[PDB]
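A single chain comes next, written as structure tokens; it is the form deposited in one PDB entry.
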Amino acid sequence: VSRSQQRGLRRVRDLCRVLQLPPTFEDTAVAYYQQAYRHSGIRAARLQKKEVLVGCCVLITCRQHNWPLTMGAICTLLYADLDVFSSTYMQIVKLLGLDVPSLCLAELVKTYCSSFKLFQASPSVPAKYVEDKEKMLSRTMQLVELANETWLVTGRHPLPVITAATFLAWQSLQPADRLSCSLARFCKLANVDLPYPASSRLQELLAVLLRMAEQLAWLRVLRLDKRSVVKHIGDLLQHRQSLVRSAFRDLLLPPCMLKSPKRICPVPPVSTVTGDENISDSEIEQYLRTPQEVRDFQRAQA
């Protein structure tokens, strides 16, 4: 019956309709918001938390049905702070005692890759940049699965991985005419925002494909680089399972492990402290201002 609860339930329904979700999703998300509101910790929360809670309840519903809604996308639609969304989501999952399924990368690849406006020519999309939607989706998914198998996805934001993989799939489908286009120019013509980590993900994925190329004698002899490896991506993906097992068999690790050279280990000092040693007057007096220091400070504040 609460004015902020009524407003919240109405906002939950409006978010589901804006997102064009199946009809059953609305009811489930409304029930989660109601369940949340029964807890005193939620009832006494800031109106800003009650606003993002709308998004948490819809996201939980979408995660249970493998609907690939990202936390970033919800916060953009709700004009909400991601950090407030983060703390509210973690709280409500813990409070409702839920085992929320992880984001479905396979379904995100389909939805996100289809938003890239590269399927029809236009003044900003020339003929040689136009690609088949099915060929695009299939190769992007294979490159996302490769990134996941070669430790590039664990602990990272998942969307920039798909941005890097979509760009590489697009270039490898017509390498002669698409290697002059950078990641930034590609996102701009496809009309998609460029995620900040996407350039790092691209360089990691190119280095992984270069290590795989070392497992094939006829590719190893070509002394490939991050530019020349692109025309052989089709060939490498054809044998991705075999090439990955061969690369691990002969060091393939998460990028944060290989390597951290700038590290200091001699900073810790040996400790012989008991906590019971005498504390002399001279040891303490050094932390006190002198009568002159006090006067000079007082005059400067007057």
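Heads up, when I say rigid core I mean the largest set of C-alphas that superpose within 1.5 Å between the two forms. We number the residues from 1 along the sequence you see. Residues that one form lacks are left out of the comparison.
*Asks:* How much of the deposited sequence is absent from the coordinates between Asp276 and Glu277: none, 1 to 3, 4 to 9, or 10 or more residues?
*Replies:* Nothing is missing between them.
*Asks:* With respect to the recorded C-alpha B factors, which stretch has the higher mean value, 53-61 or 267-275?
*Replies:* The entry gives the higher C-alpha B-factor average to 267-275.
*Asks:* According to the deposited model, is the average Cα temperature factor higher in 213-221 or in 177-185?
*Replies:* Between 213-221 and 177-185, it is 213-221.
*Asks:* Looking at the temperature factor on the CA atom of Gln48, which third of the chain's modelled residues does it land in?
*Replies:* Middle third by C-alpha B-factor.
*Asks:* Looking at the entry's B-factor column for C-alpha atoms only, identify whether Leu95 ranks in the lowest, middle or highest third of its chain.
*Replies:* Its C-alpha B-factor belongs to the highest third of this chain's values.
*Asks:* Name the third of the chain's ranked CA B-factors that contains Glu293, choosing lowest, middle or highest.
*Replies:* For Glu293, the deposited C-alpha B-factor lands in the lowest third.
*Asks:* How does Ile233 rank on Cα B-factor within its chain, lowest, middle or highest third?
*Replies:* Answer is lowest: the recorded C-alpha B-factor places it there.
Same protein, other form: the form deposited in another entry, not shown, and the subject of what follows.
*Asks:* Given a superposition on the rigid core, I'd like a yes or no on whether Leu258 shifts its C-alpha by 2 Å or more between the shown form and the other one.
*Replies:* Not so; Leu258 is displaced by less than 2 Å.
*Asks:* Name, in sequence order, the runs of three or more consecutive residues whose C-alphas all shift 2 Å or more between the shown form and the other one, counting only residues present in both forms and superposing on the rigid core.
*Replies:* These are the shifted runs between the shown form and the other one: 1-4, 260-270.
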